[PDB]
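As stored in work-v5.txt (compact mmCIF, C-alpha atoms):
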# COMPACT_ATOMS: atom_id res chain seq x y z
CA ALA A 1 -5.72 20.09 -10.67
CA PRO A 2 -4.44 16.89 -9.03
CA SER A 3 -0.76 16.05 -8.44
CA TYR A 4 1.39 13.43 -6.71
CA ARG A 5 4.41 13.68 -4.38
CA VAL A 6 6.71 11.56 -2.24
CA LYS A 7 7.44 12.24 1.45
CA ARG A 8 8.17 10.22 4.60
CA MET A 9 5.24 10.33 7.02
CA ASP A 10 4.71 7.77 9.77
CA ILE A 11 1.34 6.17 8.89
CA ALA A 12 0.80 5.80 12.66
CA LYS A 13 -0.27 9.48 12.68
CA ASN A 14 -3.59 8.13 11.27
CA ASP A 15 -4.03 10.07 8.04
CA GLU A 16 -7.80 10.81 8.14
CA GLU A 17 -7.71 11.41 4.37
CA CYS A 18 -6.99 7.71 3.77
CA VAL A 19 -4.89 4.84 5.21
CA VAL A 20 -3.80 1.68 3.35
CA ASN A 21 -1.97 -1.34 4.86
CA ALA A 22 -0.70 -4.75 3.70
CA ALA A 23 -1.93 -7.47 6.09
CA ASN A 24 -1.33 -11.22 6.08
CA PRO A 25 -4.32 -13.04 4.54
CA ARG A 26 -4.17 -15.51 7.48
CA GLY A 27 -4.15 -12.86 10.26
CA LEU A 28 -0.72 -14.04 11.49
CA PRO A 29 1.72 -11.41 12.81
CA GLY A 30 4.91 -10.73 10.82
CA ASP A 31 3.56 -8.54 8.06
CA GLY A 32 4.02 -5.01 6.65
CA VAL A 33 3.17 -1.55 8.06
CA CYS A 34 -0.17 -3.23 8.96
CA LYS A 35 1.74 -4.65 11.97
CA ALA A 36 2.45 -1.11 13.22
CA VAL A 37 -1.14 0.08 12.61
CA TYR A 38 -2.46 -3.05 14.40
CA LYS A 39 -0.46 -2.14 17.53
CA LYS A 40 -2.47 1.14 17.67
CA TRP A 41 -5.76 -0.45 16.43
CA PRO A 42 -6.51 -4.05 17.52
CA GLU A 43 -9.87 -3.95 15.71
CA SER A 44 -8.10 -3.28 12.35
CA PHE A 45 -6.40 -6.70 12.57
CA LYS A 46 -9.61 -8.39 13.84
CA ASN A 47 -10.84 -10.58 10.95
CA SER A 48 -8.37 -8.75 8.68
CA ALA A 49 -8.14 -12.06 6.75
CA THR A 50 -8.88 -11.25 3.10
CA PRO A 51 -8.10 -13.37 0.01
CA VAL A 52 -5.34 -12.40 -2.41
CA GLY A 53 -6.63 -10.73 -5.61
CA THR A 54 -8.85 -8.29 -3.64
CA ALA A 55 -8.76 -5.54 -1.01
CA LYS A 56 -10.89 -5.26 2.14
CA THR A 57 -11.79 -1.89 3.60
CA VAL A 58 -13.03 -1.79 7.19
CA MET A 59 -13.96 1.37 9.17
CA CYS A 60 -12.18 1.53 12.54
CA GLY A 61 -14.57 4.10 14.03
CA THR A 62 -12.58 7.00 12.55
CA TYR A 63 -11.08 6.71 9.02
CA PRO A 64 -11.19 3.70 6.64
CA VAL A 65 -8.37 1.13 6.67
CA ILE A 66 -7.88 -0.41 3.21
CA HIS A 67 -6.21 -3.79 3.74
CA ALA A 68 -4.46 -5.14 0.63
CA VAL A 69 -2.83 -8.48 -0.19
CA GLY A 70 0.08 -7.89 -2.58
CA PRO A 71 3.51 -9.30 -1.55
CA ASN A 72 1.66 -11.84 0.63
CA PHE A 73 1.13 -14.06 -2.49
CA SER A 74 3.74 -16.50 -1.04
CA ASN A 75 1.13 -19.30 -1.40
CA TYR A 76 0.88 -18.42 -5.15
CA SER A 77 3.11 -18.61 -8.27
CA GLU A 78 4.83 -15.54 -9.80
CA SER A 79 2.45 -15.63 -12.82
CA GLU A 80 -0.82 -15.78 -10.84
CA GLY A 81 0.77 -13.58 -8.17
CA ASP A 82 1.32 -10.73 -10.67
CA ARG A 83 -2.38 -10.90 -11.69
CA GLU A 84 -3.70 -11.12 -8.10
CA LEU A 85 -1.38 -8.31 -6.95
CA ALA A 86 -2.58 -6.16 -9.90
CA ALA A 87 -6.21 -6.91 -8.94
CA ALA A 88 -5.41 -5.95 -5.32
CA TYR A 89 -4.14 -2.58 -6.62
CA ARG A 90 -7.28 -1.97 -8.70
CA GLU A 91 -9.33 -2.72 -5.59
CA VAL A 92 -7.19 -0.37 -3.43
CA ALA A 93 -7.51 2.47 -5.97
CA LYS A 94 -11.25 1.72 -6.33
CA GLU A 95 -11.90 1.95 -2.56
CA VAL A 96 -9.79 5.16 -2.32
CA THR A 97 -11.63 6.82 -5.24
CA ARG A 98 -15.01 5.64 -3.83
CA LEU A 99 -14.21 7.41 -0.54
CA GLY A 100 -13.84 10.54 -2.72
CA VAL A 101 -11.19 11.94 -0.38
CA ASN A 102 -8.96 14.95 -1.04
CA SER A 103 -5.72 13.00 -0.64
CA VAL A 104 -4.47 9.51 0.23
CA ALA A 105 -1.32 8.18 1.88
CA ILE A 106 -0.23 4.85 0.39
CA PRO A 107 2.81 2.90 1.59
CA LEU A 108 4.86 1.11 -1.04
CA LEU A 109 4.54 -2.70 -0.88
CA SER A 110 5.61 -5.58 -3.20
CA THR A 111 9.02 -5.44 -1.43
CA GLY A 112 9.67 -9.17 -0.89
CA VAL A 113 8.38 -9.07 2.73
CA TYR A 114 6.45 -12.33 2.49
CA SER A 115 7.31 -13.65 -1.01
CA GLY A 116 10.73 -14.93 -2.17
CA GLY A 117 12.80 -12.32 -0.31
CA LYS A 118 13.14 -9.92 -3.28
CA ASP A 119 12.04 -6.32 -3.63
CA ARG A 120 11.76 -4.76 -7.07
CA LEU A 121 12.08 -0.96 -6.92
CA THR A 122 10.91 -0.73 -10.56
CA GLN A 123 8.02 -3.19 -9.97
CA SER A 124 6.74 -1.36 -6.85
CA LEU A 125 6.99 1.92 -8.82
CA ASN A 126 5.09 0.70 -11.93
CA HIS A 127 2.41 -0.94 -9.78
CA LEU A 128 1.92 2.20 -7.64
CA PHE A 129 1.72 4.29 -10.85
CA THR A 130 -1.01 1.92 -12.16
CA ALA A 131 -3.06 2.33 -8.95
CA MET A 132 -2.38 6.09 -9.08
CA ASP A 133 -3.64 6.29 -12.70
CA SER A 134 -6.85 4.80 -11.21
CA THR A 135 -7.24 7.60 -8.61
CA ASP A 136 -8.11 11.32 -8.98
CA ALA A 137 -7.11 12.25 -5.40
CA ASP A 138 -3.83 13.98 -4.45
CA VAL A 139 -1.87 10.84 -3.61
CA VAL A 140 1.45 10.69 -1.79
CA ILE A 141 3.77 7.71 -2.05
CA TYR A 142 5.30 7.23 1.39
CA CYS A 143 8.82 5.85 1.80
CA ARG A 144 10.83 4.62 4.81
CA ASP A 145 14.60 4.64 4.29
CA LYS A 146 16.12 7.97 3.20
CA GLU A 147 18.24 6.57 0.35
CA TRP A 148 15.36 4.41 -0.96
CA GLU A 149 13.10 7.51 -0.78
CA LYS A 150 15.78 9.28 -2.84
CA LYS A 151 15.48 6.62 -5.60
CA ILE A 152 11.69 7.08 -5.72
CA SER A 153 12.31 10.85 -5.98
CA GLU A 154 14.65 10.18 -8.95
CA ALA A 155 11.80 8.21 -10.57
CA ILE A 156 9.49 11.23 -10.01
CA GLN A 157 12.05 13.55 -11.67
CA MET A 158 12.31 11.02 -14.52
CA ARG A 159 8.48 10.84 -14.92
CA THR A 160 6.89 14.24 -15.61
Please express the file's structure as structure tokens.
Amino acid sequence: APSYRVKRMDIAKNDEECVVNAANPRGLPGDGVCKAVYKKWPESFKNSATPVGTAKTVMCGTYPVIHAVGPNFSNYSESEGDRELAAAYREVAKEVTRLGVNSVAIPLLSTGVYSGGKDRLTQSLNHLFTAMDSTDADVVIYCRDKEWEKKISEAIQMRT
């Protein structure tokens, strides 16, 4: 019987079960948790360029790195951007489920990092839930700040 949880786990452990990152489509530095992963794994960033609207898995020797292009729609409108970001989630969930892994650690993205400087706690939640609905594996949403993690936890309590 599958489930979901929230915790705070530094992705730089290298979660063998699955790792997902948000990388700039142009391969420029100044990006999400992908920046941190890159500093451990140069090869992950090597030709990490992938178009918006998709996801690109690469295998860095050990464990697959699913690169996704969500908030990095800064070269795109809000209307198209919602569609492309949604497609990126379906691709992420599809690669995860295809790996057929027991669990998966997914960072939350869509938090304004490259777009027009706005997060949307509700938007990130709904989007993650959509991806999650498209995965059987025991998925964990991973948070960073303590108080922001708390809000996600409130959403979990509110969604049972």
Quick one: residues within 12 Å of residue 94 (chain A), all atoms listed in the file, excluding same-chain residues fewer than 2 positions away - as a list in words? residues 54, 55, 56, 57, 66, 68, 87, 88, 89, 90, 91, 92, 96, 97, 98, 99, 100, 101, 130, 131, 132, 133, 134, 135, 136 and 137 of chain A
Residues at most 8 Å from residue 108 (chain A), counting only C-alpha atoms, excluding those fewer than 3 positions away in the same chain, as a PyMOL selection string? chain A and resi 111+124+128+141-143
Same residues, C-alpha atoms, output as a tab-separated table (two decimals), in the coordinates of the input:
chain	number	residue	atom	x	y	z
A	111	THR	CA	9.02	-5.44	-1.43
A	124	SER	CA	6.74	-1.36	-6.85
A	128	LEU	CA	1.92	2.20	-7.64
A	141	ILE	CA	3.77	7.71	-2.05
A	142	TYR	CA	5.30	7.23	1.39
A	143	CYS	CA	8.82	5.85	1.80
Considering all atoms listed in the file, return as a PyMOL selection string whatever protein or nucleic-acid residues lie within 12 Å of residue 83 (chain A), sequence-local ones (same chain, fewer than 2 positions apart) excluded. chain A and resi 52-54+69-71+73+76-81+85-90+127
Return the single residue from A:144, A:67, A:42, A:6 that is closest to residue 93 (chain A), with distances computed using all atoms listed in the file. A:67
From A:33, A:59, A:156, A:113, residue lying nearest residue 7 (chain A) [only C-alpha atoms]: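 The closest residue to residue 7 (chain A) is A:156.
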At a cut-off of 6 Å, using only C-alpha atoms, what residues contact residue 103 (chain A)? Leave out same-chain residues fewer than 4 positions from it and give the result as JSON, numbers by chain. {"A": [17, 137, 138, 139]}
Close residues, residue 114 (chain A) itself excluded, 9 Å, only C-alpha atoms, min 5 positions apart in chain, as number ranges by chain: A: 24, 30-32, 71-74
Can you work out the spacing between CA of residue 28 (chain A) and CA of residue 58 (chain A) in Å, to one decimal? 17.9 Å
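Between CA of residue 61 (chain A) and CA of residue 109 (chain A) there is a distance of 25.2 Å.
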Please, which residues are within 6 Å of (-12.2, 8.3, 5.2) by the file's coordinates, counting all atoms listed in the file, and could they come as a PyMOL selection string? chain A and resi 16-18+63-64
Could you jot down the CA of residue 60 (chain A) to CA of residue 43 (chain A) separation for me, Å, one decimal place? 6.7 Å
Nearest-residue call for residue 12 (chain A), choices A:150, A:120, A:40, A:26, using only C-alpha atoms: A:40
